[PDB]
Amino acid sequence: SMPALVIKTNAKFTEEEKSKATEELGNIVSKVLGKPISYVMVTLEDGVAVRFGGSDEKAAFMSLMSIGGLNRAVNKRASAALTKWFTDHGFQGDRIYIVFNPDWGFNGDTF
């Protein structure tokens, strides 16, 4: 099983800031889900036109895919840990949007 985190935001990040974010956010996913960082895939797209709640204020949309291992308990801890990274980096917690989505391919073969 290998988790995936897809992030879209209207904030502007530098090339270094994006590199640190995918590292820090990927490590958060590794901790909450109990998987090694080797199995973690992180995608970050900045400068995206976003409107959340009628406003185009700084916001982020996130999707967390993982074959299994997602439950009411884990989703709440992942929501809190992922959101704090953003609230610690200039974001507002009410502008952060997370979807959990638990049939996968890797190196040309399925599992």
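We number the residues from 1 along the sequence you see.
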Practice item. Using none, 1 to 3, 4 to 9 or 10 or more, say how many deposited residues go missing between residue 102 and residue 103. Key: 4 to 9
Point to revise | 25-33 set against 62-70, stretch whose average Cα temperature factor tops the other in the entry | key: 62-70
Point to revise | Greater mean Cα temperature factor according to the PDB record, 85-93 or 12-20 | key: 12-20
Exercise for review: Tell me, please, which of 79, 43, 38, 55 has the highest C-alpha B factor according to the deposited entry?
Suggested key: 38
**Study point:** Chain-wide C-alpha B factor ranking for residue 5, given as lowest, middle or highest third
**Key:** lowest
